[PDB]
Amino acid sequence: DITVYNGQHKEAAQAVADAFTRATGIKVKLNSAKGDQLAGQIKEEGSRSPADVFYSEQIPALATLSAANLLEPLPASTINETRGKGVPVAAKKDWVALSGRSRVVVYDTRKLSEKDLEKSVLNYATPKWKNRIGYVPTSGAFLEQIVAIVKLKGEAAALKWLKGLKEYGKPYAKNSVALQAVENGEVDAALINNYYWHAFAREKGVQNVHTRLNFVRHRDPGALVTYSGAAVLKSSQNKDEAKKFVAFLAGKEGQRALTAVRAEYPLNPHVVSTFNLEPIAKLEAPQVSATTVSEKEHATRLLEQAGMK
């Protein structure tokens, strides 16, 4: 039996864990919390840490641990399960990427068609969308977007987008508040994450939902995909069944269990989600490097500059 530090969504983590027990008989305990907190906890603990595996919703947390030398190198077959152009790759072969979640624009089909949408997310911060586009300034995904824009187009383009959103866009407390705002007819469109809509639609019945998703693609900053991954800790006393859990995660069975309940893009190519998600390669997501500590501070100072926080 193993212990998994889970920075991933609980019903997701839980569904993949139960599937693992049914196939191997290996029980799984889950210590849930967010990646960066759990990563630090593992740092403090060290050699006598209870963690066998680290299931993170983000790549940065895995990097810090990898840099501290705390991660166990995985067998080649585990890593190749999700290998592909654009998919994050571990330098010390000590962690593997598993899934992705994209940024999108949700619009009101009662008033808009794909014809009326922009070809780049940078184009929404203009007078043509004054009071017609919504965003969530306190969202951790919104900041990730800021960080990618700076890496892809420079600092100047990032502050121009933000100040332009402040002057014409409309802020919303959460991503849920923003989605239900477009669904209510209070605002034309809004910048959010893909799974929010996919979940709402599955719950309500798509024939009753008036909102739809738009993907810019073409390596635009707005086509940004964020990845999930997993690793085994060198300090583990159950390493072989810890390696099995990571291989199950990267493999077909694991991928199918996760995509039966979670609307994230499967990195394993032999998997068909139960949600209407095209193959990840088709989103034409831009290639961006992992988010560092200084990079978050920079985007944080830029939101202050723009006056959104």
# chains A, B, ... in the order shown; residues from 1 in each chain; ligands from 1
$ residues_around --residues "residue 182 in chain A" --least-positions-apart "2" --cutoff "10 Å" --atoms "only C-alpha atoms" --output "VMD selection string"
chain A and resid 106 to 109 132 to 134 177 to 180 184 to 190 210 to 212
$ closest_atom_pairs --of "range 140-195 of chain A" --to "range 256-267 of chain A" --cutoff "12 Å" --atoms "only C-alpha atoms" --output "tab-separated table"
residue	atom	partner	partner_atom	distance
A:193	CA	A:264	CA	10.1
A:194	CA	A:263	CA	7.7
A:195	CA	A:263	CA	5.0
$ write_last_selection --atoms "N, CA and C atoms" --output "PDB file, in the first residue's frame"
ATOM      1  N   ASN A 193     -10.930  28.802 -18.257  1.00  0.00           N
ATOM      2  CA  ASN A 193     -10.289  27.506 -18.523  1.00  0.00           C
ATOM      3  C   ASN A 193     -11.344  26.545 -19.078  1.00  0.00           C
ATOM      4  N   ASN A 194     -10.921  25.652 -19.970  1.00  0.00           N
ATOM      5  CA  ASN A 194     -11.835  24.727 -20.639  1.00  0.00           C
ATOM      6  C   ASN A 194     -12.740  23.814 -19.810  1.00  0.00           C
ATOM      7  N   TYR A 195     -12.195  23.147 -18.800  1.00  0.00           N
ATOM      8  CA  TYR A 195     -13.006  22.224 -18.009  1.00  0.00           C
ATOM      9  C   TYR A 195     -14.226  22.805 -17.272  1.00  0.00           C
TER      10      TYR A 195
END
$ atom_distance --atom1 "CA of residue 216 in chain A" --atom2 "CA of residue 119 in chain A"
5.9 Å
$ closest_residue --among "A:201, A:90, A:163, A:272" --to "residue 309 in chain A" --atoms "only C-alpha atoms"
A:163
$ atom_distance --atom1 "CA of residue 128 in chain A" --atom2 "CA of residue 171 in chain A"
17.0 Å
$ closest_residue --among "A:88, A:40, A:229, A:222" --to "residue 54 in chain A" --atoms "only C-alpha atoms"
A:229
$ select_by_dssp --residues "range 153-250 of chain A" --states "strand (DSSP E)" --output "list in words"
residues 170, 171, 189, 190, 191, 192, 193, 211, 212, 213, 214, 225, 226, 227, 228, 229, 230, 231, 232 and 233 of chain A
$ closest_residue --among "A:219, A:160, A:170, A:243" --to "residue 305 in chain A" --atoms "only C-alpha atoms"
A:160
$ residues_around --residues "residue 35 in chain A" --least-positions-apart "2" --cutoff "12 Å" --atoms "only C-alpha atoms" --output "PyMOL selection string"
chain A and resi 4-9+31-33+37-42+54-65+228-230
$ closest_residue --among "A:46, A:25, A:279, A:86" --to "residue 71 in chain A" --atoms "only C-alpha atoms"
A:46
$ residues_around --residues "range 16-20 of chain A" --least-positions-apart "6" --cutoff "9 Å" --atoms "only C-alpha atoms" --output "PyMOL selection string"
chain A and resi 26-30+245+248-249+253-258
$ residues_around --residues "range 297-299 of chain A" --least-positions-apart "6" --cutoff "8 Å" --atoms "only C-alpha atoms" --output "ChimeraX atom specification"
/A:143,146-147
$ write_last_selection --atoms "N, CA and C atoms" --output "PDB file, in the first residue's frame"
ATOM      1  N   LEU A 143      -2.773  34.662 -14.255  1.00  0.00           N
ATOM      2  CA  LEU A 143      -1.370  35.046 -14.081  1.00  0.00           C
ATOM      3  C   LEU A 143      -0.463  34.192 -14.952  1.00  0.00           C
ATOM      4  N   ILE A 146      -0.391  35.683 -18.180  1.00  0.00           N
ATOM      5  CA  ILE A 146       0.486  36.859 -18.178  1.00  0.00           C
ATOM      6  C   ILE A 146       1.947  36.455 -18.368  1.00  0.00           C
ATOM      7  N   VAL A 147       2.364  35.423 -17.642  1.00  0.00           N
ATOM      8  CA  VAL A 147       3.730  34.911 -17.716  1.00  0.00           C
ATOM      9  C   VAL A 147       4.095  34.408 -19.115  1.00  0.00           C
TER      10      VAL A 147
END
$ atom_distance --atom1 "CA of residue 89 in chain A" --atom2 "CA of residue 121 in chain A"
27.0 Å
$ select_by_dssp --residues "range 21-76 of chain A" --states "helix (DSSP H, G or I)" --output "PDB file with C-alpha atoms, in the first residue's frame"
ATOM      1  CA  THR A  21      -6.725  -0.771  -6.554  1.00  0.00           C
ATOM      2  CA  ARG A  22      -9.167  -2.766  -8.689  1.00  0.00           C
ATOM      3  CA  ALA A  23      -6.368  -3.784 -11.084  1.00  0.00           C
ATOM      4  CA  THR A  24      -3.553  -4.498  -8.585  1.00  0.00           C
ATOM      5  CA  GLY A  35       1.326  21.243  -5.357  1.00  0.00           C
ATOM      6  CA  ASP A  36       3.562  23.989  -4.029  1.00  0.00           C
ATOM      7  CA  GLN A  37       2.556  23.408  -0.392  1.00  0.00           C
ATOM      8  CA  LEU A  38       2.996  19.641  -0.630  1.00  0.00           C
ATOM      9  CA  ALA A  39       6.378  20.120  -2.371  1.00  0.00           C
ATOM     10  CA  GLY A  40       7.662  22.196   0.524  1.00  0.00           C
ATOM     11  CA  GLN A  41       6.321  19.659   3.002  1.00  0.00           C
ATOM     12  CA  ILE A  42       8.356  16.963   1.239  1.00  0.00           C
ATOM     13  CA  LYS A  43      11.411  19.231   1.424  1.00  0.00           C
ATOM     14  CA  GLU A  44      11.082  19.678   5.176  1.00  0.00           C
ATOM     15  CA  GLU A  45      10.486  15.968   5.849  1.00  0.00           C
ATOM     16  CA  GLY A  46      13.300  14.596   3.688  1.00  0.00           C
ATOM     17  CA  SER A  47      14.609  11.058   4.273  1.00  0.00           C
ATOM     18  CA  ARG A  48      11.779  10.225   6.703  1.00  0.00           C
ATOM     19  CA  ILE A  59       5.223  21.117 -13.393  1.00  0.00           C
ATOM     20  CA  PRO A  60       6.983  23.801 -11.289  1.00  0.00           C
ATOM     21  CA  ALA A  61       6.508  21.842  -8.011  1.00  0.00           C
ATOM     22  CA  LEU A  62       8.058  18.779  -9.628  1.00  0.00           C
ATOM     23  CA  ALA A  63      11.019  20.907 -10.839  1.00  0.00           C
ATOM     24  CA  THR A  64      11.911  22.289  -7.392  1.00  0.00           C
ATOM     25  CA  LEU A  65      12.001  18.770  -5.972  1.00  0.00           C
ATOM     26  CA  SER A  66      13.984  17.507  -8.958  1.00  0.00           C
ATOM     27  CA  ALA A  67      16.499  20.318  -8.413  1.00  0.00           C
ATOM     28  CA  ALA A  76      12.072   4.652 -20.016  1.00  0.00           C
TER      29      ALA A  76
END
$ residues_around --residues "residue 288 in chain A" --least-positions-apart "2" --cutoff "10 Å" --atoms "only C-alpha atoms" --output "ChimeraX atom specification"
/A:86,88,147-149,151-152,221,224-226,285-286,290-291
$ residues_around --residues "residue 123 in chain A" --least-positions-apart "5" --cutoff "9 Å" --atoms "only C-alpha atoms" --output "PyMOL selection string"
chain A and resi 118+129+161
$ closest_residue --among "A:238, A:14, A:131, A:49" --to "residue 1 in chain A" --atoms "only C-alpha atoms"
A:238
$ closest_residue --among "A:105, A:150, A:156, A:117" --to "residue 289 in chain A" --atoms "only C-alpha atoms"
A:150
